[PDB]
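Dropping upload-v2.txt in here (compact mmCIF, C-alpha atoms and all ligand atoms):
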```txt
# COMPACT_ATOMS: atom_id res chain seq x y z
CA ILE A 8 -1.24 -30.18 -30.55
CA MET A 9 0.57 -27.22 -29.03
CA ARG A 10 -0.51 -24.31 -26.86
CA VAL A 11 0.43 -20.69 -26.33
CA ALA A 12 -0.68 -18.22 -23.66
CA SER A 13 -0.69 -14.48 -23.15
CA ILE A 14 -1.12 -12.43 -20.01
CA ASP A 15 -2.22 -8.82 -20.22
CA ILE A 16 -1.60 -6.68 -17.13
CA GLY A 17 -3.75 -3.56 -17.26
CA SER A 18 -4.50 -0.67 -14.93
CA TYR A 19 -7.82 -2.33 -14.10
CA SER A 20 -7.71 -6.05 -14.80
CA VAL A 21 -5.24 -8.88 -15.29
CA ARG A 22 -6.25 -11.20 -18.13
CA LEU A 23 -5.07 -14.66 -19.20
CA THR A 24 -5.69 -16.32 -22.55
CA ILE A 25 -4.58 -19.78 -23.63
CA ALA A 26 -5.04 -21.00 -27.20
CA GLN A 27 -4.37 -24.31 -28.90
CA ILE A 28 -2.66 -24.79 -32.26
CA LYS A 29 -4.59 -27.71 -33.75
CA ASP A 30 -4.82 -28.59 -37.45
CA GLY A 31 -2.67 -25.53 -38.06
CA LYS A 32 -5.30 -23.24 -36.56
CA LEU A 33 -5.50 -20.97 -33.49
CA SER A 34 -8.44 -21.43 -31.11
CA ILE A 35 -9.01 -20.01 -27.60
CA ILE A 36 -9.36 -22.84 -25.07
CA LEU A 37 -9.19 -20.94 -21.78
CA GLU A 38 -9.68 -17.41 -20.48
CA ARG A 39 -9.58 -15.69 -17.11
CA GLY A 40 -10.07 -12.12 -16.07
CA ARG A 41 -9.41 -10.57 -12.68
CA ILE A 42 -9.86 -7.02 -11.44
CA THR A 43 -6.89 -5.86 -9.35
CA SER A 44 -6.86 -2.11 -10.11
CA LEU A 45 -3.09 -1.74 -10.46
CA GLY A 46 -3.46 1.87 -11.55
CA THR A 47 -5.08 3.07 -8.31
CA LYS A 48 -3.73 6.37 -6.94
CA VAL A 49 -0.85 6.22 -9.42
CA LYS A 50 -1.89 9.75 -10.40
CA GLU A 51 -1.91 11.40 -6.97
CA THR A 52 0.93 9.39 -5.39
CA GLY A 53 2.91 8.49 -8.49
CA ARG A 54 3.37 4.97 -7.13
CA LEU A 55 1.75 1.55 -7.46
CA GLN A 56 -0.05 0.71 -4.21
CA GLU A 57 1.27 -2.21 -2.17
CA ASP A 58 -2.19 -3.75 -1.80
CA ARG A 59 -2.79 -3.61 -5.56
CA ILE A 60 0.68 -5.07 -6.17
CA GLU A 61 0.13 -7.97 -3.76
CA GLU A 62 -3.21 -8.90 -5.32
CA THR A 63 -1.87 -8.66 -8.87
CA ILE A 64 1.05 -10.93 -7.96
CA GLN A 65 -1.31 -13.47 -6.41
CA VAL A 66 -3.47 -13.52 -9.54
CA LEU A 67 -0.34 -13.97 -11.66
CA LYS A 68 0.78 -16.94 -9.60
CA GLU A 69 -2.68 -18.40 -10.24
CA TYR A 70 -2.40 -17.87 -14.00
CA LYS A 71 1.10 -19.36 -14.02
CA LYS A 72 -0.27 -22.52 -12.40
CA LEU A 73 -2.94 -22.74 -15.08
CA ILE A 74 -0.28 -22.20 -17.73
CA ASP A 75 1.95 -24.95 -16.31
CA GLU A 76 -1.07 -27.20 -15.84
CA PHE A 77 -2.03 -26.84 -19.50
CA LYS A 78 1.66 -27.34 -20.23
CA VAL A 79 1.98 -24.29 -22.48
CA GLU A 80 5.03 -24.30 -24.77
CA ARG A 81 5.21 -20.53 -25.29
CA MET A 82 3.92 -17.72 -23.08
CA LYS A 83 4.17 -13.93 -23.19
CA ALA A 84 3.14 -11.39 -20.55
CA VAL A 85 2.68 -7.70 -21.29
CA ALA A 86 1.70 -4.60 -19.31
CA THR A 87 0.33 -1.22 -20.40
CA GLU A 88 2.68 1.78 -20.72
CA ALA A 89 0.55 3.40 -17.99
CA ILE A 90 2.54 1.55 -15.34
CA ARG A 91 5.47 3.71 -16.45
CA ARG A 92 3.81 6.57 -14.57
CA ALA A 93 4.74 4.87 -11.29
CA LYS A 94 8.30 5.30 -9.97
CA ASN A 95 8.18 1.76 -8.54
CA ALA A 96 7.21 0.13 -11.83
CA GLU A 97 10.55 -1.65 -12.18
CA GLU A 98 10.43 -2.96 -8.62
CA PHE A 99 6.98 -4.37 -9.38
CA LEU A 100 8.17 -6.01 -12.59
CA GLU A 101 11.20 -7.44 -10.80
CA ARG A 102 8.99 -8.90 -8.06
CA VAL A 103 6.86 -10.56 -10.73
CA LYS A 104 9.90 -12.17 -12.32
CA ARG A 105 11.26 -13.67 -9.08
CA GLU A 106 7.99 -14.67 -7.41
CA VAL A 107 5.91 -15.84 -10.40
CA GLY A 108 8.59 -16.64 -12.96
CA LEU A 109 7.12 -14.25 -15.51
CA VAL A 110 9.19 -11.75 -17.48
CA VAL A 111 6.74 -8.91 -18.08
CA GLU A 112 7.34 -6.50 -20.96
CA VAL A 113 5.80 -3.04 -20.65
CA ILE A 114 4.85 -2.50 -24.28
CA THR A 115 4.53 0.85 -26.07
CA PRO A 116 1.37 1.96 -27.90
CA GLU A 117 3.24 1.16 -31.13
CA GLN A 118 3.87 -2.43 -29.98
CA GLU A 119 0.27 -2.74 -28.75
CA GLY A 120 -0.95 -1.51 -32.10
CA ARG A 121 1.16 -4.12 -33.87
CA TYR A 122 -0.16 -6.99 -31.79
CA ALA A 123 -3.73 -5.80 -32.37
CA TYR A 124 -3.16 -5.58 -36.13
CA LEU A 125 -1.66 -9.07 -35.99
CA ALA A 126 -4.82 -10.45 -34.40
CA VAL A 127 -6.91 -8.80 -37.13
CA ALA A 128 -4.75 -10.00 -40.03
CA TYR A 129 -5.10 -13.56 -38.75
CA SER A 130 -8.80 -13.46 -37.80
CA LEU A 131 -10.33 -11.29 -40.54
CA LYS A 132 -7.73 -10.86 -43.29
CA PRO A 133 -8.81 -7.33 -44.28
CA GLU A 134 -8.34 -6.52 -47.99
CA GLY A 135 -6.03 -3.98 -49.60
CA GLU A 136 -4.66 -1.10 -47.55
CA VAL A 137 -5.93 -1.73 -44.01
CA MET A 138 -6.39 0.60 -41.04
CA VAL A 139 -7.08 -0.82 -37.60
CA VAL A 140 -8.74 1.51 -35.12
CA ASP A 141 -8.24 0.12 -31.61
CA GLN A 142 -9.93 2.17 -28.88
CA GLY A 143 -9.34 1.28 -25.24
CA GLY A 144 -7.11 1.66 -22.19
CA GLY A 145 -6.96 5.44 -22.44
CA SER A 146 -5.98 5.74 -26.08
CA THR A 147 -6.88 4.90 -29.66
CA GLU A 148 -4.32 3.37 -32.01
CA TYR A 149 -4.62 3.84 -35.75
CA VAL A 150 -2.59 1.10 -37.44
CA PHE A 151 -1.94 0.95 -41.19
CA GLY A 152 -1.03 -2.09 -43.24
CA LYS A 153 -1.40 -4.57 -46.08
CA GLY A 154 -1.84 -8.24 -45.27
CA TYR A 155 0.18 -9.30 -42.22
CA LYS A 156 2.59 -6.42 -42.87
CA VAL A 157 2.10 -3.45 -40.56
CA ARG A 158 3.22 -0.16 -42.09
CA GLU A 159 2.81 2.42 -39.33
CA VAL A 160 1.08 2.97 -35.98
CA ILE A 161 -0.24 6.31 -34.77
CA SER A 162 -1.44 6.40 -31.17
CA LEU A 163 -3.60 9.22 -29.80
CA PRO A 164 -4.09 9.55 -26.02
CA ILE A 165 -7.80 10.38 -26.18
CA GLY A 166 -9.18 8.05 -23.53
CA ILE A 167 -12.98 8.02 -23.35
CA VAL A 168 -12.85 8.50 -19.59
CA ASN A 169 -10.67 11.58 -20.19
CA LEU A 170 -12.83 12.95 -23.02
CA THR A 171 -16.05 12.46 -21.05
CA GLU A 172 -14.66 14.18 -17.97
CA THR A 173 -13.19 16.93 -20.14
CA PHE A 174 -16.12 17.81 -22.44
CA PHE A 175 -19.31 16.45 -20.88
CA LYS A 176 -19.67 18.29 -17.58
CA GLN A 177 -23.36 17.34 -17.78
CA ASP A 178 -25.21 14.00 -17.99
CA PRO A 179 -26.29 13.84 -20.73
CA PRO A 180 -24.00 16.48 -22.29
CA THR A 181 -25.36 19.76 -23.65
CA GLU A 182 -25.33 20.37 -27.41
CA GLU A 183 -22.42 22.75 -26.89
CA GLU A 184 -20.37 20.21 -24.95
CA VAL A 185 -21.01 17.65 -27.69
CA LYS A 186 -20.11 20.31 -30.26
CA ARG A 187 -16.82 21.17 -28.53
CA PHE A 188 -16.28 17.42 -28.21
CA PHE A 189 -16.38 16.81 -31.98
CA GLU A 190 -14.39 19.96 -32.76
CA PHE A 191 -11.52 18.46 -30.79
CA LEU A 192 -11.71 15.07 -32.53
CA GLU A 193 -11.79 16.72 -35.94
CA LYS A 194 -8.66 18.71 -35.13
CA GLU A 195 -6.85 15.63 -33.83
CA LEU A 196 -8.13 13.08 -36.36
CA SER A 197 -7.75 15.29 -39.45
CA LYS A 198 -4.00 15.20 -38.74
CA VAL A 199 -3.90 11.40 -39.11
CA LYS A 200 -5.87 11.14 -42.37
CA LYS A 201 -4.48 8.76 -45.00
CA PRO A 202 -5.88 6.69 -47.90
CA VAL A 203 -7.23 3.31 -46.78
CA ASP A 204 -9.44 0.58 -48.28
CA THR A 205 -10.68 -1.31 -45.22
CA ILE A 206 -11.26 -0.06 -41.69
CA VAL A 207 -11.46 -2.47 -38.75
CA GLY A 208 -12.61 -1.32 -35.33
CA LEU A 209 -11.56 -2.89 -32.02
CA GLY A 210 -12.47 -2.31 -28.39
CA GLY A 211 -15.34 -2.37 -25.94
CA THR A 212 -17.17 0.55 -27.52
CA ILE A 213 -17.30 -0.90 -31.04
CA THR A 214 -18.15 -4.50 -30.05
CA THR A 215 -20.87 -3.05 -27.81
CA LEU A 216 -22.20 -1.05 -30.77
CA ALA A 217 -22.35 -4.21 -32.89
CA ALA A 218 -24.10 -6.03 -30.05
CA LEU A 219 -26.59 -3.19 -29.83
CA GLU A 220 -27.18 -2.98 -33.58
CA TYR A 221 -27.58 -6.70 -34.10
CA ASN A 222 -29.41 -7.43 -30.84
CA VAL A 223 -26.77 -9.73 -29.39
CA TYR A 224 -27.28 -10.58 -25.72
CA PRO A 225 -25.61 -11.84 -23.73
CA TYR A 226 -22.38 -11.02 -25.58
CA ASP A 227 -21.37 -13.71 -28.05
CA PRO A 228 -18.05 -13.26 -29.94
CA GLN A 229 -19.42 -15.38 -32.80
CA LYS A 230 -22.30 -13.01 -33.47
CA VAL A 231 -20.16 -9.88 -33.33
CA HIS A 232 -16.82 -10.74 -34.91
CA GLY A 233 -16.90 -9.81 -38.59
CA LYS A 234 -20.10 -7.77 -38.35
CA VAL A 235 -20.24 -4.62 -40.45
CA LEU A 236 -21.31 -1.21 -39.13
CA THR A 237 -22.06 1.72 -41.43
CA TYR A 238 -21.64 5.37 -40.51
CA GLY A 239 -25.44 5.58 -40.41
CA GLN A 240 -25.87 2.70 -37.97
CA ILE A 241 -23.23 4.17 -35.67
CA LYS A 242 -24.74 7.64 -36.01
CA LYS A 243 -28.14 6.23 -35.01
CA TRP A 244 -26.80 4.87 -31.73
CA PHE A 245 -24.90 8.08 -31.03
CA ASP A 246 -28.13 10.07 -31.39
CA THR A 247 -30.07 7.63 -29.20
CA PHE A 248 -27.59 7.82 -26.30
CA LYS A 249 -26.81 11.54 -26.43
CA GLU A 250 -30.49 12.27 -25.71
CA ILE A 251 -30.65 10.39 -22.40
CA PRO A 252 -28.80 10.09 -19.04
CA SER A 253 -26.16 7.37 -18.73
CA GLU A 254 -28.31 5.50 -16.20
CA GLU A 255 -31.10 5.17 -18.76
CA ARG A 256 -28.70 3.93 -21.44
CA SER A 257 -27.81 0.91 -19.30
CA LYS A 258 -31.41 0.48 -18.13
CA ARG A 259 -32.94 0.56 -21.62
CA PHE A 260 -30.23 -1.42 -23.40
CA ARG A 261 -28.95 -4.54 -21.68
CA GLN A 262 -25.85 -4.68 -23.91
CA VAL A 263 -24.57 -1.53 -22.19
CA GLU A 264 -22.88 -2.22 -18.84
CA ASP A 265 -23.44 0.39 -16.12
CA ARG A 266 -19.69 0.93 -15.80
CA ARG A 267 -19.65 1.99 -19.48
CA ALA A 268 -23.02 3.74 -19.63
CA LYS A 269 -21.49 7.20 -19.27
CA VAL A 270 -18.23 7.00 -21.20
CA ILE A 271 -19.55 5.04 -24.19
CA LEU A 272 -21.04 8.16 -25.83
CA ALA A 273 -17.52 9.56 -26.22
CA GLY A 274 -16.32 6.22 -27.55
CA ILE A 275 -19.03 6.16 -30.20
CA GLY A 276 -18.06 9.68 -31.22
CA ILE A 277 -14.50 8.60 -31.88
CA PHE A 278 -15.57 6.01 -34.43
CA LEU A 279 -18.12 8.39 -35.92
CA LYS A 280 -15.59 11.19 -36.45
CA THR A 281 -13.07 8.61 -37.68
CA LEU A 282 -15.27 7.38 -40.52
CA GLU A 283 -16.16 10.95 -41.50
CA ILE A 284 -12.54 12.11 -41.51
CA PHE A 285 -11.26 9.10 -43.49
CA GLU A 286 -14.21 9.33 -45.91
CA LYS A 287 -15.36 5.75 -45.40
CA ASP A 288 -18.95 4.54 -45.17
CA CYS A 289 -18.33 1.47 -43.01
CA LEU A 290 -15.91 -0.61 -40.95
CA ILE A 291 -15.59 -4.24 -39.91
CA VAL A 292 -15.82 -5.11 -36.21
CA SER A 293 -13.23 -7.38 -34.65
CA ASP A 294 -13.62 -9.24 -31.37
CA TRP A 295 -9.88 -10.01 -31.48
CA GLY A 296 -7.18 -7.52 -30.48
CA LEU A 297 -4.04 -7.16 -28.34
CA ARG A 298 -4.47 -10.26 -26.16
CA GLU A 299 -5.15 -12.54 -29.13
CA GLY A 300 -2.42 -10.91 -31.22
CA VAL A 301 0.19 -11.82 -28.65
CA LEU A 302 -1.06 -15.39 -29.15
CA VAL A 303 -0.67 -15.10 -32.92
CA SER A 304 2.86 -13.71 -32.58
CA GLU A 305 3.86 -16.49 -30.19
CA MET A 306 2.27 -19.09 -32.46
CA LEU A 307 4.23 -17.76 -35.43
CA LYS A 308 7.49 -18.15 -33.51
CA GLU A 309 6.47 -21.73 -32.73
CA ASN A 310 5.67 -23.28 -36.13
CL CL A 401 -10.10 4.57 -24.08
```
Could I get this structure in the form of structure tokens?
Ligand SMILES: [Cl-]
Amino acid sequence: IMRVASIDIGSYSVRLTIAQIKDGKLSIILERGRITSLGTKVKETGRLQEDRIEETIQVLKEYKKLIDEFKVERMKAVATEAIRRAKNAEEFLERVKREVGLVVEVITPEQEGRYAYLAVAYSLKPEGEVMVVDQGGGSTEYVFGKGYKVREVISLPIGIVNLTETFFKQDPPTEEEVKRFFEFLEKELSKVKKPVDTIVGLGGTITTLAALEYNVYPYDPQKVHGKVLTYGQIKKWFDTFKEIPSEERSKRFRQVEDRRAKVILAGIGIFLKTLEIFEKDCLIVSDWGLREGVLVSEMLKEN
């Protein structure tokens, strides 16, 4: 009985995941999430804020204690490329190494994509030529592969927060805004088109869609992981949300968190346009992604 852990340092939250390797199988035994907003003012000041840094470090010390407590044999900590936008990123990483004892790697979208594909290969085993569509954190990675072998990763920086602020100046958006919205996705997605047999979608938007479609509430990974969503099902939710204000979306559908109520429409559009462009009628939904993939990679180095 061995254990592995991963720590994901994002612009919004710091997340810990510990899994156990029992009977030659990976299972999550502990999780923790903490909002520290490390990306605050990085845009206007170009620097990580001292208060955000201090809190993040304190949460990391906490997670390290949990990791040592559970006596984890292998651990890996990663941070989003976004931190690269701060001139004091390296000082922050260095502080984390000395004070917490964690060597954080700022991974590229390509690395992120690989870890996410890894989690899918292990937890779903998609058939034939696979394409993983991971939306979240300000971008959407399109990863191609066969079995555990990743072929290529193509990352597009089309964050839903960015797209919503860019195209939907109104709440809900006007038909023209929506129209301009899709025109952009078509232009960008058409350039990534390739032949694939199985599409797997990852991220908050897609797991929320599955929860909506299959009436899952509260959220339960077991009832969402592996669920199938057709273009029609996804289109139905897109049409339901585009007709009402974000506030109503979260009020009428408990699966939609208020914080996501507004930007989710843009997220749904990404998957919609993706299926259309790649000429596929459906996709499989995965609850596992980056954070779990790091676990799979660490587990593979262990056996
Ligand atoms: Cl995003």
Quick one: everything within 8 Å of residue 214 of chain A, counting all atoms listed in the file, minus sequence neighbours fewer than 5 positions away in the same chain. Send it as a ChimeraX atom specification.
/A:209,231,292-294
Nearest to residue 287 of chain A: which of A:200, A:158, A:121, A:269 is it, counting all atoms listed in the file?
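Looking only at the distances to residue 287 of chain A, the closest residue turns out to be A:200.
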Let me see if you get this right: every residue at most 12 Å from ligand CL 401 (chain A), counting only C-alpha atoms and all ligand atoms, written as a CSV table (one decimal) with C-alpha atoms, in the frame of the given file.
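Result saved to out-v6.csv:
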```csv
chain,number,residue,atom,x,y,z
A,18,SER,CA,-4.5,-0.7,-14.9
A,140,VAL,CA,-8.7,1.5,-35.1
A,141,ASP,CA,-8.2,0.1,-31.6
A,142,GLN,CA,-9.9,2.2,-28.9
A,143,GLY,CA,-9.3,1.3,-25.2
A,144,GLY,CA,-7.1,1.7,-22.2
A,145,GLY,CA,-7.0,5.4,-22.4
A,146,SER,CA,-6.0,5.7,-26.1
A,147,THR,CA,-6.9,4.9,-29.7
A,148,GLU,CA,-4.3,3.4,-32.0
A,162,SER,CA,-1.4,6.4,-31.2
A,163,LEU,CA,-3.6,9.2,-29.8
A,164,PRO,CA,-4.1,9.6,-26.0
A,165,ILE,CA,-7.8,10.4,-26.2
A,166,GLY,CA,-9.2,8.0,-23.5
A,167,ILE,CA,-13.0,8.0,-23.4
A,168,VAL,CA,-12.8,8.5,-19.6
A,169,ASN,CA,-10.7,11.6,-20.2
A,170,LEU,CA,-12.8,13.0,-23.0
A,171,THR,CA,-16.0,12.5,-21.0
A,209,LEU,CA,-11.6,-2.9,-32.0
A,210,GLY,CA,-12.5,-2.3,-28.4
A,211,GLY,CA,-15.3,-2.4,-25.9
A,212,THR,CA,-17.2,0.6,-27.5
A,213,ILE,CA,-17.3,-0.9,-31.0
A,267,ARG,CA,-19.6,2.0,-19.5
A,270,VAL,CA,-18.2,7.0,-21.2
A,271,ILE,CA,-19.6,5.0,-24.2
A,272,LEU,CA,-21.0,8.2,-25.8
A,273,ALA,CA,-17.5,9.6,-26.2
A,274,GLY,CA,-16.3,6.2,-27.6
A,275,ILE,CA,-19.0,6.2,-30.2
A,276,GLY,CA,-18.1,9.7,-31.2
A,277,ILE,CA,-14.5,8.6,-31.9
A,278,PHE,CA,-15.6,6.0,-34.4
```
Taking (-8.3, 13.0, -35.1) in the file's own coordinates, collect the residues within 10 Å, counting only C-alpha atoms, and hand them back as number ranges by chain.
A: 147, 149, 163, 165, 189-200, 277, 280-281, 284-285
Output C-alpha atoms for every residue in that selection, as a CSV table (one decimal), keeping the file's coordinate frame.
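Final file, result-v7.csv:
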```csv
chain,number,residue,atom,x,y,z
A,147,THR,CA,-6.9,4.9,-29.7
A,149,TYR,CA,-4.6,3.8,-35.8
A,163,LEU,CA,-3.6,9.2,-29.8
A,165,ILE,CA,-7.8,10.4,-26.2
A,189,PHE,CA,-16.4,16.8,-32.0
A,190,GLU,CA,-14.4,20.0,-32.8
A,191,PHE,CA,-11.5,18.5,-30.8
A,192,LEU,CA,-11.7,15.1,-32.5
A,193,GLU,CA,-11.8,16.7,-35.9
A,194,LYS,CA,-8.7,18.7,-35.1
A,195,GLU,CA,-6.8,15.6,-33.8
A,196,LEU,CA,-8.1,13.1,-36.4
A,197,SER,CA,-7.8,15.3,-39.4
A,198,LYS,CA,-4.0,15.2,-38.7
A,199,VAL,CA,-3.9,11.4,-39.1
A,200,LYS,CA,-5.9,11.1,-42.4
A,277,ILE,CA,-14.5,8.6,-31.9
A,280,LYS,CA,-15.6,11.2,-36.4
A,281,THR,CA,-13.1,8.6,-37.7
A,284,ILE,CA,-12.5,12.1,-41.5
A,285,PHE,CA,-11.3,9.1,-43.5
```
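With all atoms listed in the file as the basis for measurement, A:185 is the residue among A:49, A:185, A:37, A:64 that approaches residue 250 of chain A most closely.
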For atom CA of residue 309 of chain A and atom CA of residue 10 of chain A, quote the distance in Å rounded to one decimal.
9.5 Å
Choose the residue, out of A:301, A:131, A:107, A:126, that has the smallest atom-to-atom separation from residue 157 of chain A; count only C-alpha atoms.
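Under the stated criterion, the closest residue is A:126.
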Rank A:113, A:20, A:55, A:30 by their smallest atom-to-atom distance to residue 98 of chain A, using all atoms listed in the file, and report the top residue only.
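Residue with the minimum atom-to-atom distance to residue 98 of chain A: A:55.
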Polymer residues at most 7 Å from segment 134-136 of chain A, only C-alpha atoms, same-chain spacing of 4 or more positions, as a short mmCIF file (atom, residue, chain, number, x, y, z; two decimals) with C-alpha atoms, in the coordinates of the input:
```
data_model
loop_
_atom_site.label_atom_id
_atom_site.label_comp_id
_atom_site.auth_asym_id
_atom_site.auth_seq_id
_atom_site.Cartn_x
_atom_site.Cartn_y
_atom_site.Cartn_z
CA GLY A 152 -1.03 -2.09 -43.24
CA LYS A 153 -1.40 -4.57 -46.08
CA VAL A 203 -7.23 3.31 -46.78
CA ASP A 204 -9.44 0.58 -48.28
CA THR A 205 -10.68 -1.31 -45.22
#
```
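With all atoms listed in the file as the atoms that count, the minimum distance from residue 125 of chain A to the choices A:296, A:310, A:39, A:77 is reached by A:296.
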Can you tell me which residues surround residue 295 of chain A at a distance of at most 9 Å, considering only C-alpha atoms, apart from same-chain residues fewer than 3 positions away, and format the answer as a PyMOL selection string?
chain A and resi 123+126-127+130+209-210+228+232+298-300
Calculate how many Å separate atom CA of residue 154 of chain A from atom CA of residue 116 of chain A, rounding to one decimal.
20.4 Å
Mind giving me the straight-line distance from atom CA of residue 306 of chain A to atom CA of residue 128 of chain A in Å, one decimal?
13.8 Å
Selection near residue 94 of chain A, 9 Å with all atoms listed in the file, sequence-local residues under 3 positions removed, as JSON, numbers by chain
{"A": [53, 54, 55, 90, 91, 97, 98]}
Dump C-alpha atoms for the selected residues as a PDB file, keeping the file's coordinate frame?
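Output (part30.pdb):
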```
ATOM      1  CA  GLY A  53       2.910   8.490  -8.490  1.00  0.00           C
ATOM      2  CA  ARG A  54       3.370   4.970  -7.130  1.00  0.00           C
ATOM      3  CA  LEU A  55       1.750   1.550  -7.460  1.00  0.00           C
ATOM      4  CA  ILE A  90       2.540   1.550 -15.340  1.00  0.00           C
ATOM      5  CA  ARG A  91       5.470   3.710 -16.450  1.00  0.00           C
ATOM      6  CA  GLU A  97      10.550  -1.650 -12.180  1.00  0.00           C
ATOM      7  CA  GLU A  98      10.430  -2.960  -8.620  1.00  0.00           C
TER       8      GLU A  98
END
```
With 6 Å on each side, where is the centre of the axis-aligned box around all listed atoms of segment 285-294 of chain A, and how long are its edges in Å to one decimal, as JSON?
```
{"center_x": -15.1, "center_y": 0.0, "center_z": -38.6, "size_x": 19.7, "size_y": 30.6, "size_z": 26.5}
```
